[PDB]
>>> print(open('query10.pdb').read())   # PDB, C-alpha atoms and all ligand atoms
ATOM      1  CA  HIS O   3       9.209  25.708   4.091
ATOM      2  CA  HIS O   4       8.186  22.002   4.466
ATOM      3  CA  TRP O   5       6.810  20.477   7.710
ATOM      4  CA  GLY O   6       9.230  19.033  10.285
ATOM      5  CA  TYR O   7       9.852  19.057  14.054
ATOM      6  CA  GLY O   8      11.421  22.567  14.606
ATOM      7  CA  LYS O   9      10.101  25.846  16.158
ATOM      8  CA  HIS O  10       9.060  27.194  12.733
ATOM      9  CA  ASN O  11       7.706  23.996  11.061
ATOM     10  CA  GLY O  12       6.899  21.663  14.020
ATOM     11  CA  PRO O  13       3.635  19.998  15.131
ATOM     12  CA  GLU O  14       1.965  23.308  16.268
ATOM     13  CA  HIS O  15       2.265  24.548  12.594
ATOM     14  CA  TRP O  16       1.031  21.384  10.771
ATOM     15  CA  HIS O  17      -2.695  22.384  10.830
ATOM     16  CA  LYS O  18      -2.020  25.181   8.275
ATOM     17  CA  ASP O  19      -1.054  22.735   5.454
ATOM     18  CA  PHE O  20      -3.055  19.797   6.996
ATOM     19  CA  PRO O  21      -6.263  21.084   8.685
ATOM     20  CA  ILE O  22      -7.136  17.470   9.764
ATOM     21  CA  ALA O  23      -4.391  18.109  12.402
ATOM     22  CA  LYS O  24      -7.347  19.467  14.543
ATOM     23  CA  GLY O  25      -9.656  16.535  13.552
ATOM     24  CA  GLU O  26     -11.802  14.180  15.647
ATOM     25  CA  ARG O  27      -9.462  11.099  15.639
ATOM     26  CA  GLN O  28      -5.860  12.409  15.773
ATOM     27  CA  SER O  29      -2.838  10.491  17.128
ATOM     28  CA  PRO O  30      -0.939  10.062  19.327
ATOM     29  CA  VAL O  31      -2.909  10.256  22.632
ATOM     30  CA  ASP O  32      -2.204   9.858  26.329
ATOM     31  CA  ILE O  33      -3.324   6.379  27.503
ATOM     32  CA  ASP O  34      -5.004   6.882  30.892
ATOM     33  CA  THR O  35      -4.560   3.322  32.254
ATOM     34  CA  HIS O  36      -7.299   3.737  34.905
ATOM     35  CA  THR O  37      -9.928   4.920  32.272
ATOM     36  CA  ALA O  38      -9.028   2.322  29.551
ATOM     37  CA  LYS O  39     -11.661  -0.413  29.951
ATOM     38  CA  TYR O  40     -10.873  -4.120  29.629
ATOM     39  CA  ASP O  41     -12.844  -5.397  26.603
ATOM     40  CA  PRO O  42     -13.319  -9.202  26.966
ATOM     41  CA  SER O  43     -14.567  -9.251  23.289
ATOM     42  CA  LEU O  44     -11.006  -8.306  22.077
ATOM     43  CA  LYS O  45      -8.930 -11.205  20.677
ATOM     44  CA  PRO O  46      -5.247 -11.988  21.225
ATOM     45  CA  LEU O  47      -3.076 -10.170  18.640
ATOM     46  CA  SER O  48      -1.903 -12.468  15.755
ATOM     47  CA  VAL O  49       1.587 -11.245  14.676
ATOM     48  CA  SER O  50       2.893 -13.562  11.874
ATOM     49  CA  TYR O  51       6.378 -12.267  10.848
ATOM     50  CA  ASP O  52       8.104 -15.687  10.097
ATOM     51  CA  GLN O  53       8.156 -14.878   6.298
ATOM     52  CA  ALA O  54       8.800 -11.062   6.561
ATOM     53  CA  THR O  55      11.263  -9.959   3.808
ATOM     54  CA  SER O  56      13.030  -6.638   4.523
ATOM     55  CA  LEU O  57      14.466  -4.871   1.453
ATOM     56  CA  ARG O  58      15.955  -1.510   2.363
ATOM     57  CA  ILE O  59      16.428   1.222   4.991
ATOM     58  CA  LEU O  60      15.785   4.895   4.087
ATOM     59  CA  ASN O  61      16.459   8.220   5.863
ATOM     60  CA  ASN O  62      13.390  10.250   4.696
ATOM     61  CA  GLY O  63      14.462  13.483   6.509
ATOM     62  CA  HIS O  64      12.059  12.805   9.483
ATOM     63  CA  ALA O  65      12.973   9.225  10.581
ATOM     64  CA  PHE O  66      14.440   6.039   9.057
ATOM     65  CA  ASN O  67      12.072   3.516   7.442
ATOM     66  CA  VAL O  68      12.874  -0.237   7.279
ATOM     67  CA  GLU O  69      10.877  -1.283   4.173
ATOM     68  CA  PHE O  70       9.442  -4.759   3.472
ATOM     69  CA  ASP O  71       8.480  -6.524   0.242
ATOM     70  CA  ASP O  72       4.628  -6.449   0.589
ATOM     71  CA  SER O  73       3.971  -7.953  -2.952
ATOM     72  CA  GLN O  74       2.844 -11.279  -1.340
ATOM     73  CA  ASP O  75       0.810 -12.191   1.781
ATOM     74  CA  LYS O  76       3.702 -12.966   4.165
ATOM     75  CA  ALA O  77       4.128 -10.742   7.270
ATOM     76  CA  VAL O  78       0.552 -10.152   8.554
ATOM     77  CA  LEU O  79      -1.165  -8.657  11.587
ATOM     78  CA  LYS O  80      -4.678  -9.906  12.360
ATOM     79  CA  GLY O  81      -6.967 -10.585  15.319
ATOM     80  CA  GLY O  82      -6.883  -8.223  18.297
ATOM     81  CA  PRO O  83      -9.437  -5.500  17.348
ATOM     82  CA  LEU O  84      -8.955  -6.061  13.578
ATOM     83  CA  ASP O  85     -11.376  -7.420  10.956
ATOM     84  CA  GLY O  86      -9.387  -9.146   8.175
ATOM     85  CA  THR O  87      -5.681  -9.135   7.396
ATOM     86  CA  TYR O  88      -3.139  -6.314   7.441
ATOM     87  CA  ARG O  89       0.197  -6.632   5.616
ATOM     88  CA  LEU O  90       3.471  -5.244   7.050
ATOM     89  CA  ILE O  91       4.932  -2.523   4.725
ATOM     90  CA  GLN O  92       7.525  -0.772   6.947
ATOM     91  CA  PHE O  93       8.630   0.136  10.466
ATOM     92  CA  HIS O  94      10.203   3.269  11.882
ATOM     93  CA  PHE O  95      10.837   4.939  15.254
ATOM     94  CA  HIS O  96      10.279   8.255  17.026
ATOM     95  CA  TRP O  97      12.834   9.293  19.663
ATOM     96  CA  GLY O  98      14.084  12.087  21.880
ATOM     97  CA  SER O  99      17.152  14.279  22.409
ATOM     98  CA  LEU O 100      17.251  12.770  25.984
ATOM     99  CA  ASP O 101      15.963   9.458  27.480
ATOM    100  CA  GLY O 102      13.077  11.292  29.279
ATOM    101  CA  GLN O 103      11.194  11.974  26.016
ATOM    102  CA  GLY O 104      10.723  10.592  22.500
ATOM    103  CA  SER O 105       7.551   8.459  22.556
ATOM    104  CA  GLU O 106       4.399   9.737  20.818
ATOM    105  CA  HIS O 107       1.871   7.818  22.914
ATOM    106  CA  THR O 108       2.209   8.373  26.654
ATOM    107  CA  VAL O 109       1.017   6.181  29.535
ATOM    108  CA  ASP O 110      -0.517   8.181  32.417
ATOM    109  CA  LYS O 111       1.582  11.122  30.948
ATOM    110  CA  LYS O 112       4.803   8.983  31.109
ATOM    111  CA  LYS O 113       7.041   9.566  28.043
ATOM    112  CA  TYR O 114       9.296   6.660  26.932
ATOM    113  CA  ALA O 115      12.737   7.173  25.315
ATOM    114  CA  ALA O 116      11.365   6.064  21.908
ATOM    115  CA  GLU O 117       8.450   4.361  20.130
ATOM    116  CA  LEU O 118       8.549   1.742  17.335
ATOM    117  CA  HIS O 119       5.733   1.795  14.738
ATOM    118  CA  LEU O 120       5.150  -1.311  12.586
ATOM    119  CA  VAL O 121       2.834  -0.128   9.803
ATOM    120  CA  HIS O 122       0.372  -2.560   8.140
ATOM    121  CA  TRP O 123      -2.274  -2.019   5.422
ATOM    122  CA  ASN O 124      -5.693  -3.712   5.074
ATOM    123  CA  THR O 125      -5.387  -6.158   2.139
ATOM    124  CA  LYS O 126      -9.116  -5.653   1.253
ATOM    125  CA  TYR O 127      -8.077  -2.238  -0.279
ATOM    126  CA  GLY O 128      -5.449  -3.823  -2.613
ATOM    127  CA  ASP O 129      -2.595  -1.262  -2.067
ATOM    128  CA  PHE O 130      -1.266   1.086   0.648
ATOM    129  CA  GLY O 131      -2.268   4.254  -1.292
ATOM    130  CA  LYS O 132      -5.945   3.128  -1.395
ATOM    131  CA  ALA O 133      -5.830   1.871   2.228
ATOM    132  CA  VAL O 134      -4.806   5.309   3.716
ATOM    133  CA  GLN O 135      -8.058   6.751   2.181
ATOM    134  CA  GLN O 136     -10.153   4.401   4.428
ATOM    135  CA  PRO O 137     -11.010   4.678   8.153
ATOM    136  CA  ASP O 138      -9.919   1.029   8.653
ATOM    137  CA  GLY O 139      -7.070   1.118   6.094
ATOM    138  CA  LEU O 140      -4.040   0.805   8.427
ATOM    139  CA  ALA O 141      -3.080  -1.002  11.635
ATOM    140  CA  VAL O 142      -0.024   0.388  13.428
ATOM    141  CA  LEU O 143       1.565  -1.699  16.141
ATOM    142  CA  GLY O 144       3.212   0.679  18.636
ATOM    143  CA  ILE O 145       5.966  -0.546  20.995
ATOM    144  CA  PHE O 146       7.625   1.634  23.671
ATOM    145  CA  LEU O 147      11.423   1.655  24.159
ATOM    146  CA  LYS O 148      13.045   2.267  27.554
ATOM    147  CA  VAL O 149      16.796   2.552  28.141
ATOM    148  CA  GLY O 150      18.410  -0.357  30.032
ATOM    149  CA  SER O 151      19.675  -3.715  28.666
ATOM    150  CA  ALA O 152      20.581  -3.827  24.934
ATOM    151  CA  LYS O 153      18.047  -5.336  22.491
ATOM    152  CA  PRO O 154      20.228  -7.754  20.468
ATOM    153  CA  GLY O 155      17.571  -7.876  17.674
ATOM    154  CA  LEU O 156      17.914  -4.082  17.173
ATOM    155  CA  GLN O 157      21.743  -4.014  16.685
ATOM    156  CA  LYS O 158      21.633  -4.793  12.893
ATOM    157  CA  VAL O 159      19.456  -1.629  12.534
ATOM    158  CA  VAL O 160      21.798   0.492  14.765
ATOM    159  CA  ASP O 161      24.893  -0.662  12.795
ATOM    160  CA  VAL O 162      23.500   0.401   9.330
ATOM    161  CA  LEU O 163      22.559   3.975  10.474
ATOM    162  CA  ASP O 164      26.129   5.300   9.787
ATOM    163  CA  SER O 165      25.437   4.542   6.047
ATOM    164  CA  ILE O 166      22.144   6.608   5.926
ATOM    165  CA  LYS O 167      23.157   9.639   8.049
ATOM    166  CA  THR O 168      21.409  12.277   5.844
ATOM    167  CA  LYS O 169      17.991  12.817   4.195
ATOM    168  CA  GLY O 170      17.553  10.771   0.967
ATOM    169  CA  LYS O 171      20.248   8.163   1.763
ATOM    170  CA  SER O 172      19.176   4.478   1.560
ATOM    171  CA  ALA O 173      21.030   1.150   2.119
ATOM    172  CA  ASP O 174      20.262  -2.495   1.208
ATOM    173  CA  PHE O 175      18.730  -4.064   4.346
ATOM    174  CA  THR O 176      17.696  -7.654   3.565
ATOM    175  CA  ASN O 177      16.916 -10.582   5.883
ATOM    176  CA  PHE O 178      16.095  -8.395   8.959
ATOM    177  CA  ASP O 179      13.661 -10.278  11.269
ATOM    178  CA  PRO O 180      11.289  -7.855  13.070
ATOM    179  CA  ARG O 181      10.295 -10.628  15.580
ATOM    180  CA  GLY O 182      13.555  -9.541  17.325
ATOM    181  CA  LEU O 183      11.902  -6.167  18.250
ATOM    182  CA  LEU O 184       8.770  -7.591  20.035
ATOM    183  CA  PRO O 185       8.342  -7.772  23.827
ATOM    184  CA  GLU O 186       7.297 -11.042  25.574
ATOM    185  CA  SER O 187       3.659  -9.959  26.130
ATOM    186  CA  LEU O 188       1.195  -8.897  23.377
ATOM    187  CA  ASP O 189      -1.136  -7.235  25.961
ATOM    188  CA  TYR O 190      -2.311  -4.021  24.237
ATOM    189  CA  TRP O 191      -4.459  -0.908  24.229
ATOM    190  CA  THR O 192      -6.416   0.002  21.082
ATOM    191  CA  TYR O 193      -8.217   3.121  19.780
ATOM    192  CA  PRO O 194      -9.102   4.660  16.391
ATOM    193  CA  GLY O 195      -6.660   7.350  15.253
ATOM    194  CA  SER O 196      -4.395   8.800  12.602
ATOM    195  CA  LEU O 197      -0.955   8.915  11.060
ATOM    196  CA  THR O 198       1.213  10.965  13.469
ATOM    197  CA  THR O 199       2.974  12.845  10.622
ATOM    198  CA  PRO O 200       1.510  14.828   7.735
ATOM    199  CA  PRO O 201      -0.746  14.090   5.994
ATOM    200  CA  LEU O 202      -2.224  13.015   9.401
ATOM    201  CA  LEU O 203      -4.848  10.815   7.655
ATOM    202  CA  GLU O 204      -7.526   9.356   9.991
ATOM    203  CA  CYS O 205      -7.024   5.778   8.700
ATOM    204  CA  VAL O 206      -5.304   3.945  11.633
ATOM    205  CA  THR O 207      -6.436   1.315  14.138
ATOM    206  CA  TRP O 208      -3.783   1.839  16.852
ATOM    207  CA  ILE O 209      -2.561  -1.214  18.777
ATOM    208  CA  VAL O 210      -0.107  -0.069  21.514
ATOM    209  CA  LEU O 211       1.657  -2.842  23.466
ATOM    210  CA  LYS O 212       1.748  -2.398  27.272
ATOM    211  CA  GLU O 213       5.197  -4.069  27.687
ATOM    212  CA  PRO O 214       8.120  -1.871  26.521
ATOM    213  CA  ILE O 215      11.313  -3.314  25.026
ATOM    214  CA  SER O 216      14.655  -2.382  26.611
ATOM    215  CA  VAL O 217      17.413  -0.900  24.404
ATOM    216  CA  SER O 218      20.863   0.237  25.585
ATOM    217  CA  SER O 219      21.945   3.871  26.003
ATOM    218  CA  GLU O 220      24.508   3.164  23.215
ATOM    219  CA  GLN O 221      21.726   1.928  20.835
ATOM    220  CA  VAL O 222      19.526   5.047  21.253
ATOM    221  CA  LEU O 223      22.613   7.372  21.156
ATOM    222  CA  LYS O 224      23.266   6.042  17.605
ATOM    223  CA  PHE O 225      19.652   6.992  16.598
ATOM    224  CA  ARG O 226      20.519  10.549  17.774
ATOM    225  CA  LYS O 227      23.566  10.735  15.390
ATOM    226  CA  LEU O 228      21.283  10.725  12.304
ATOM    227  CA  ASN O 229      20.567  14.010  10.505
ATOM    228  CA  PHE O 230      17.276  15.657   9.360
ATOM    229  CA  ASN O 231      19.327  17.600   6.731
ATOM    230  CA  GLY O 232      20.670  16.372   3.370
ATOM    231  CA  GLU O 233      24.374  15.688   2.616
ATOM    232  CA  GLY O 234      26.461  18.923   2.667
ATOM    233  CA  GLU O 235      23.710  20.947   4.476
ATOM    234  CA  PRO O 236      24.077  22.453   7.990
ATOM    235  CA  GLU O 237      23.861  19.580  10.538
ATOM    236  CA  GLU O 238      20.449  19.270  12.292
ATOM    237  CA  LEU O 239      20.573  16.171  14.540
ATOM    238  CA  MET O 240      17.532  13.891  13.986
ATOM    239  CA  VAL O 241      16.124  14.093  17.560
ATOM    240  CA  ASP O 242      12.655  14.880  19.003
ATOM    241  CA  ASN O 243      10.854  13.589  15.870
ATOM    242  CA  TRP O 244       7.680  12.928  17.950
ATOM    243  CA  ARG O 245       4.252  14.543  17.807
ATOM    244  CA  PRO O 246       2.806  15.368  21.297
ATOM    245  CA  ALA O 247      -0.399  13.753  22.645
ATOM    246  CA  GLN O 248      -3.574  15.089  20.934
ATOM    247  CA  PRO O 249      -7.113  15.502  22.387
ATOM    248  CA  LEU O 250      -8.906  12.149  22.844
ATOM    249  CA  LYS O 251     -12.292  13.796  21.969
ATOM    250  CA  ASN O 252     -15.141  11.283  21.381
ATOM    251  CA  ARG O 253     -12.967   8.124  21.699
ATOM    252  CA  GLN O 254     -12.536   5.138  24.031
ATOM    253  CA  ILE O 255      -9.215   3.349  24.607
ATOM    254  CA  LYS O 256      -9.847  -0.393  25.127
ATOM    255  CA  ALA O 257      -7.495  -2.787  27.006
ATOM    256  CA  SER O 258      -6.968  -6.416  25.869
ATOM    257  CA  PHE O 259      -6.029  -7.372  29.489
ATOM    258  CA  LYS O 260      -7.325  -7.177  33.105
TER     259      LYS O 260
HETATM  260  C1  LIG O 301       3.116   6.734   1.910
HETATM  261  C2  LIG O 301       2.117   7.373   2.921
HETATM  262  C3  LIG O 301       1.398   8.588   2.318
HETATM  263  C4  LIG O 301       2.211   9.691   2.715
HETATM  264  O1  LIG O 301       2.045  10.845   2.298
HETATM  265  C5  LIG O 301       3.292   9.308   3.567
HETATM  266  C6  LIG O 301       4.594   9.230   2.693
HETATM  267  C7  LIG O 301       3.491  10.205   4.741
HETATM  268  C8  LIG O 301       4.527   9.556   5.668
HETATM  269  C9  LIG O 301       4.058   8.109   6.120
HETATM  270  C10 LIG O 301       3.797   7.243   4.930
HETATM  271  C11 LIG O 301       3.300   5.881   5.360
HETATM  272  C12 LIG O 301       4.247   5.128   6.352
HETATM  273  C13 LIG O 301       4.578   6.024   7.545
HETATM  274  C14 LIG O 301       3.376   6.097   8.524
HETATM  275  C15 LIG O 301       3.700   7.041   9.646
HETATM  276  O2  LIG O 301       2.538   7.227  10.476
HETATM  277  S1  LIG O 301       2.711   6.707  11.963
HETATM  278  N1  LIG O 301       3.888   7.628  12.643
HETATM  279  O3  LIG O 301       1.396   7.003  12.546
HETATM  280  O4  LIG O 301       3.070   5.238  11.984
HETATM  281  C16 LIG O 301       4.037   8.392   9.096
HETATM  282  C17 LIG O 301       5.325   8.280   8.258
HETATM  283  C18 LIG O 301       5.069   7.428   7.068
HETATM  284  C19 LIG O 301       6.459   7.207   6.417
HETATM  285  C20 LIG O 301       2.725   8.026   4.138
HETATM  286 ZN    ZN O 302       5.344   6.662  13.526
END
>>> encode(input="query10.pdb", output="structure tokens", more="lines below")
Ligand SMILES: C[C@@H]1CC(=O)[C@@]2(C)CC[C@H]3[C@@H](CC[C@@H]4C[C@H](OS(N)(=O)=O)CC[C@@]43C)[C@H]12
Ligand SMILES: [Zn+2]
Amino acid sequence: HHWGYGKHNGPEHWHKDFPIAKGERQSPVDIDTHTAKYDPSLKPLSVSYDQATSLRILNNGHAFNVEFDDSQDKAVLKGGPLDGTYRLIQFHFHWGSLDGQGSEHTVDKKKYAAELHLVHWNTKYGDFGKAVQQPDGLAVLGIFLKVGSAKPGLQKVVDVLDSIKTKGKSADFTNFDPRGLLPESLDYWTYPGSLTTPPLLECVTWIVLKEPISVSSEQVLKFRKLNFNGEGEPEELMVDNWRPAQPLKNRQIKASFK
């Protein structure tokens, strides 16, 4: 009886195995745009993905992960609210059964069709496993998806999903350039939070871009053809793999922009 997104194992159950689910810095949150204060001390985001080396794509039974070779200092996030350098290890998405839901963060209670998470670890902790034990161990770049024009830079991801339909399936996925998934503007909100799945560790500096990317209805429909189940198990479509907004508690959301 493992955690997931259903009635019996979904986000409202996670606190039983992971009591930090009710902690002081949980993610995601609603971003109240009128309460988020412009912080003129914040720096422009530095996103350096020119040398990013993708290796593989994996259906882990909750989402699909595009994994990067993080054995060298190549694809790095720095600046913005960050001290030091954070190395890209993977990206994944959260999405809905319908276009009106699927994002984890919300903006004035607005839900987007999906949300992209580019996960980076603080190189001062040497490896990802040590970094998730630290309050400043991870930086996750969050990007909203709305349904409209196709995102050409996403299509290589969409086209491989047929080959990883079920939990535990992986496919070679080399030479994928994640610069193709970024919006024009790097205007962002930032706050201290957590992983949004178990183990819900409070180790993340969240950086959520204001500008969504547009994907086509056909692109997001192919996300919704994936399966939570393993091969030869009853089909459970991989949809609504998002955690709802959590209490902001004693936290401030800061804006990089006026
Ligand atoms: C390897 C670490 C330790 C651990 O137990 C893992 C496997 C839980 C699942 C984690 C993964 C790290 C990368 C991802 C971060 C994501 O968080 S998010 N949604 O806030 O970007 C939760 C999903 C994710 C695959 C964790
Ligand atoms: Zn995520």
>>> closest_residue(input="query10.pdb", among="O:128, O:6, O:30, O:155", to="residue O:231", atoms="all atoms listed in the file")
O:6
>>> closest_atom_pairs(input="query10.pdb", of="chain O", to="ligand ZN 302 (chain O)", cutoff="9 Å", atoms="only C-alpha atoms and all ligand atoms", output="CSV")
residue,atom,partner,partner_atom,distance
O:65,CA,O:ZN302,ZN,8.6
O:93,CA,O:ZN302,ZN,7.9
O:94,CA,O:ZN302,ZN,6.2
O:95,CA,O:ZN302,ZN,6.0
O:96,CA,O:ZN302,ZN,6.3
O:106,CA,O:ZN302,ZN,8.0
O:117,CA,O:ZN302,ZN,7.7
O:118,CA,O:ZN302,ZN,7.0
O:119,CA,O:ZN302,ZN,5.0
O:120,CA,O:ZN302,ZN,8.0
O:121,CA,O:ZN302,ZN,8.1
O:142,CA,O:ZN302,ZN,8.3
O:144,CA,O:ZN302,ZN,8.2
O:197,CA,O:ZN302,ZN,7.1
O:198,CA,O:ZN302,ZN,6.0
O:199,CA,O:ZN302,ZN,7.2
O:244,CA,O:ZN302,ZN,8.0
>>> resolve_selection(input="query10.pdb", expression="the PyMOL selection byres (((chain O and resi 76) around 10) and not hetatm)", output="PyMOL selection string")
chain O and resi 50-55+71-75+77-79+89-90
>>> write_last_selection(input="query10.pdb", atoms="C-alpha atoms", output="PDB file, in the frame of the given file")
ATOM      1  CA  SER O  50       2.893 -13.562  11.874  1.00  0.00           C
ATOM      2  CA  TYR O  51       6.378 -12.267  10.848  1.00  0.00           C
ATOM      3  CA  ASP O  52       8.104 -15.687  10.097  1.00  0.00           C
ATOM      4  CA  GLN O  53       8.156 -14.878   6.298  1.00  0.00           C
ATOM      5  CA  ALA O  54       8.800 -11.062   6.561  1.00  0.00           C
ATOM      6  CA  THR O  55      11.263  -9.959   3.808  1.00  0.00           C
ATOM      7  CA  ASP O  71       8.480  -6.524   0.242  1.00  0.00           C
ATOM      8  CA  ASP O  72       4.628  -6.449   0.589  1.00  0.00           C
ATOM      9  CA  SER O  73       3.971  -7.953  -2.952  1.00  0.00           C
ATOM     10  CA  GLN O  74       2.844 -11.279  -1.340  1.00  0.00           C
ATOM     11  CA  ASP O  75       0.810 -12.191   1.781  1.00  0.00           C
ATOM     12  CA  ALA O  77       4.128 -10.742   7.270  1.00  0.00           C
ATOM     13  CA  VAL O  78       0.552 -10.152   8.554  1.00  0.00           C
ATOM     14  CA  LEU O  79      -1.165  -8.657  11.587  1.00  0.00           C
ATOM     15  CA  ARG O  89       0.197  -6.632   5.616  1.00  0.00           C
ATOM     16  CA  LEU O  90       3.471  -5.244   7.050  1.00  0.00           C
TER      17      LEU O  90
END
>>> axis_aligned_box(input="query10.pdb", around="ligand LIG 301 (chain O)", padding_each_side="3 Å", output="lines of an AutoDock Vina configuration file")
center_x = 3.9
center_y = 8.0
center_z = 7.3
size_x = 11.1
size_y = 11.7
size_z = 16.7
>>> residues_around(input="query10.pdb", residues="residue O:25", least_positions_apart="2", cutoff="10 Å", atoms="all atoms listed in the file", output="VMD selection string")
chain O and resid 17 20 to 23 27 to 29 195 to 196 202 to 204 248 to 249 251
>>> closest_atom_pairs(input="query10.pdb", of="stretch 54-114 of chain O", to="stretch 207-230 of chain O", cutoff="7 Å", atoms="all atoms listed in the file", output="tab-separated table")
residue	atom	partner	partner_atom	distance
O:63	CA	O:230	CA	4.6
O:64	CA	O:230	CA	5.9
O:99	CA	O:226	CA	6.8
>>> closest_residue(input="query10.pdb", among="O:109, O:44, O:134, O:162", to="residue O:32", atoms="only C-alpha atoms")
O:109
>>> closest_residue(input="query10.pdb", among="O:206, O:87, O:186, O:169", to="residue O:137", atoms="all atoms listed in the file")
O:206
>>> closest_residue(input="query10.pdb", among="O:173, O:100, O:47, O:140", to="residue O:68", atoms="only C-alpha atoms")
O:173
>>> closest_residue(input="query10.pdb", among="O:31, O:57, O:152, O:257", to="ligand LIG 301 (chain O)", atoms="all atoms listed in the file")
O:31
>>> residues_around(input="query10.pdb", residues="residue O:124", least_positions_apart="2", cutoff="8 Å", atoms="only C-alpha atoms", output="list in words")
residues 86, 87, 88, 89, 122, 126, 127, 128, 130, 133, 138, 139, 140 and 141 of chain O
>>> closest_residue(input="query10.pdb", among="O:69, O:179, O:101, O:161", to="ligand LIG 301 (chain O)", atoms="all atoms listed in the file")
O:69
>>> atom_distance(input="query10.pdb", atom1="atom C1 of ligand LIG 301 (chain O)", atom2="atom CA of residue O:103")
26.0 Å
>>> atom_distance(input="query10.pdb", atom1="atom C5 of ligand LIG 301 (chain O)", atom2="atom CA of residue O:19")
14.2 Å
>>> atom_distance(input="query10.pdb", atom1="atom CA of residue O:9", atom2="atom CA of residue O:238")
12.9 Å
>>> resolve_selection(input="query10.pdb", expression="the PyMOL selection byres (((chain O and resi 45) around 7) and not hetatm)", output="list in words")
residues 43, 44, 46, 47, 81, 82 and 83 of chain O
>>> resolve_selection(input="query10.pdb", expression="the PyMOL selection byres (((chain O and resi 259) around 10) and not hetatm)", output="list in words")
residues 39, 40, 41, 42, 44, 46, 188, 189, 190, 191, 212, 256, 257, 258 and 260 of chain O
>>> write_last_selection(input="query10.pdb", atoms="C-alpha atoms", output="PDB file, in the coordinates of the input")
ATOM      1  CA  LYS O  39     -11.661  -0.413  29.951  1.00  0.00           C
ATOM      2  CA  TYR O  40     -10.873  -4.120  29.629  1.00  0.00           C
ATOM      3  CA  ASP O  41     -12.844  -5.397  26.603  1.00  0.00           C
ATOM      4  CA  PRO O  42     -13.319  -9.202  26.966  1.00  0.00           C
ATOM      5  CA  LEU O  44     -11.006  -8.306  22.077  1.00  0.00           C
ATOM      6  CA  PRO O  46      -5.247 -11.988  21.225  1.00  0.00           C
ATOM      7  CA  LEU O 188       1.195  -8.897  23.377  1.00  0.00           C
ATOM      8  CA  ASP O 189      -1.136  -7.235  25.961  1.00  0.00           C
ATOM      9  CA  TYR O 190      -2.311  -4.021  24.237  1.00  0.00           C
ATOM     10  CA  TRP O 191      -4.459  -0.908  24.229  1.00  0.00           C
ATOM     11  CA  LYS O 212       1.748  -2.398  27.272  1.00  0.00           C
ATOM     12  CA  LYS O 256      -9.847  -0.393  25.127  1.00  0.00           C
ATOM     13  CA  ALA O 257      -7.495  -2.787  27.006  1.00  0.00           C
ATOM     14  CA  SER O 258      -6.968  -6.416  25.869  1.00  0.00           C
ATOM     15  CA  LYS O 260      -7.325  -7.177  33.105  1.00  0.00           C
TER      16      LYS O 260
END
